[PDB]
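What follows is a set of notes on a single structure, which appears directly below.
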Amino acid sequence: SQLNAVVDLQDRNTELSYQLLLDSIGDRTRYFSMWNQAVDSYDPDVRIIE
Amino acid sequence: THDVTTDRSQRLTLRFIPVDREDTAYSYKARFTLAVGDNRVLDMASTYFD
Amino acid sequence: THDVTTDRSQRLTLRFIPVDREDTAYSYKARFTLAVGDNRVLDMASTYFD
């Protein structure tokens with residue numbers, strides 16, 4: 001076909017979309033080495049001093 | 001207004017990378033895969049080695 | 001006088017340049033694209049690395 005099935009826009013945000021998709025379908029708290037699936041977090045005690 | 005130009009997505013200019021290269025003592029060999037997609041025609045006069 | 005040899009233009013010997021090379025610590029890797037054209041047969045015994 002030589003026709004490209006892929007058609008992207010500078011306007012789209014694939015990376016983020018995937019971030020949000022993951023959260024909706026599972027527990028982002030779990031780690032998965034294969035995809036470097038280890039969410040960015042911070043210590044609650046550091047962000048908010050108690 | 002019709003039957004001249006495409007309405008479809010399509011590049012005017014394509015660039016090809018060498019598939020095989022051979023830098024020798026007194027010469028240089030470059031091999032490409034010149035691909036002419038379906039629904040397209042190419043006028044050789046419009047080609048050149050960059 | 002017939003059905004043995006070609007009348008057509010054709011090289012007896014072909015030479016192939018490596019497509020990928022990898023000079024390492026204790027070894028060397030060479031990759032080629034051995035191409036057997038249509039209406040041709042190749043006896044491996046007749047190949048060698050120069």
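Letters A, B, ... mark the chains of the structure tokens in the order given; residue numbers begin at 1 per chain; ligand numbers begin at 1, in order shown.
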
Give me, as a PDB file with N, CA, C and O atoms, in the first residue's frame, the residues of chain C touching chain B, with the criterion being at most 9 Å (counting only C-alpha atoms).
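Full text of selection_28.pdb as output:
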ATOM      1  N   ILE C  17      30.204  -6.740  -0.504  1.00  0.00           N
ATOM      2  CA  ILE C  17      30.770  -5.906   0.531  1.00  0.00           C
ATOM      3  C   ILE C  17      29.947  -6.098   1.788  1.00  0.00           C
ATOM      4  O   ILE C  17      28.746  -6.327   1.695  1.00  0.00           O
ATOM      5  N   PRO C  18      30.582  -6.026   2.957  1.00  0.00           N
ATOM      6  CA  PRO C  18      29.826  -6.220   4.174  1.00  0.00           C
ATOM      7  C   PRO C  18      28.858  -5.086   4.422  1.00  0.00           C
ATOM      8  O   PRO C  18      29.174  -3.907   4.241  1.00  0.00           O
ATOM      9  N   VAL C  19      27.673  -5.502   4.844  1.00  0.00           N
ATOM     10  CA  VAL C  19      26.551  -4.649   5.152  1.00  0.00           C
ATOM     11  C   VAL C  19      26.683  -4.073   6.549  1.00  0.00           C
ATOM     12  O   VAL C  19      26.242  -2.965   6.852  1.00  0.00           O
ATOM     13  N   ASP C  20      27.323  -4.870   7.400  1.00  0.00           N
ATOM     14  CA  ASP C  20      27.596  -4.532   8.780  1.00  0.00           C
ATOM     15  C   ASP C  20      28.865  -5.221   9.239  1.00  0.00           C
ATOM     16  O   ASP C  20      29.070  -6.409   8.997  1.00  0.00           O
TER      17      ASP C  20
END

Taking only C-alpha atoms into account, which residues of chain A are within 9 Å of chain B, as a list in words?
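The answer, sorted by residue number, is residues 1, 2, 3 and 4 of chain A.
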
Write to file, as a short mmCIF file (atom, residue, chain, number, x, y, z; two decimals), in the first residue's frame, the residues of the selection just made, with N, CA, C and O atoms.
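Saved to again-v7.cif:
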data_model
loop_
_atom_site.label_atom_id
_atom_site.label_comp_id
_atom_site.auth_asym_id
_atom_site.auth_seq_id
_atom_site.Cartn_x
_atom_site.Cartn_y
_atom_site.Cartn_z
N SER A 1 0.82 -1.20 0.00
CA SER A 1 0.00 0.00 0.00
C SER A 1 0.86 1.25 0.00
O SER A 1 0.48 2.29 -0.54
N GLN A 2 2.04 1.14 0.62
CA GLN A 2 3.00 2.22 0.71
C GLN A 2 2.43 3.48 1.35
O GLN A 2 3.10 4.51 1.43
N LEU A 3 1.18 3.38 1.79
CA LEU A 3 0.46 4.46 2.43
C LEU A 3 0.72 4.31 3.92
O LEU A 3 0.60 3.20 4.47
N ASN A 4 1.10 5.39 4.59
CA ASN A 4 1.39 5.35 6.01
C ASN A 4 0.16 5.39 6.91
O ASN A 4 -0.59 6.37 6.92
#

I'd like the contact shell of residue 40 of chain A - 12 Å cut-off, only C-alpha atoms, skipping same-chain residues fewer than 6 positions apart - returned as a list in words.
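Result of the neighbour search: residues 19, 28, 29, 30 and 31 of chain A.
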
Give me every strand (DSSP E) residue in chain B, going by DSSP on the backbone, as a list in words.
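DSSP-assigned strand (DSSP E) residues in chain B: residues 20, 21, 22, 23, 28, 29, 30 and 31 of chain B.
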
May I have the selected residues written with N, CA and C atoms, as a PDB file, in the first residue's frame?
ATOM      1  N   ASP B  20      23.764   0.046   1.603  1.00  0.00           N
ATOM      2  CA  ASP B  20      25.109  -0.486   1.635  1.00  0.00           C
ATOM      3  C   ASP B  20      26.085   0.546   1.116  1.00  0.00           C
ATOM      4  N   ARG B  21      27.172   0.719   1.851  1.00  0.00           N
ATOM      5  CA  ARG B  21      28.197   1.671   1.473  1.00  0.00           C
ATOM      6  C   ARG B  21      29.558   1.023   1.543  1.00  0.00           C
ATOM      7  N   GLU B  22      30.439   1.438   0.640  1.00  0.00           N
ATOM      8  CA  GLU B  22      31.769   0.883   0.609  1.00  0.00           C
ATOM      9  C   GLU B  22      32.827   1.898   0.229  1.00  0.00           C
ATOM     10  N   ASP B  23      33.434   2.464   1.264  1.00  0.00           N
ATOM     11  CA  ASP B  23      34.501   3.435   1.124  1.00  0.00           C
ATOM     12  C   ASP B  23      35.805   2.700   0.838  1.00  0.00           C
ATOM     13  N   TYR B  28      34.163   5.075  -4.084  1.00  0.00           N
ATOM     14  CA  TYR B  28      33.067   4.998  -3.149  1.00  0.00           C
ATOM     15  C   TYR B  28      31.841   4.423  -3.827  1.00  0.00           C
ATOM     16  N   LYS B  29      31.256   3.408  -3.198  1.00  0.00           N
ATOM     17  CA  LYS B  29      30.077   2.736  -3.711  1.00  0.00           C
ATOM     18  C   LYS B  29      28.882   2.965  -2.799  1.00  0.00           C
ATOM     19  N   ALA B  30      27.767   3.403  -3.378  1.00  0.00           N
ATOM     20  CA  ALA B  30      26.576   3.642  -2.589  1.00  0.00           C
ATOM     21  C   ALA B  30      25.378   2.915  -3.166  1.00  0.00           C
ATOM     22  N   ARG B  31      24.683   2.184  -2.309  1.00  0.00           N
ATOM     23  CA  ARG B  31      23.530   1.443  -2.755  1.00  0.00           C
ATOM     24  C   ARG B  31      22.251   1.879  -2.071  1.00  0.00           C
TER      25      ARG B  31
END

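Taking atom CA of residue 44 of chain A and atom CA of residue 14 of chain A as endpoints, the distance between them is 28.6 Å.
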
Could you jot down the atom CA of residue 26 of chain C to atom CA of residue 24 of chain B separation for me, Å, one decimal place?
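One can read the atom CA of residue 26 of chain C to atom CA of residue 24 of chain B distance as 24.8 Å.
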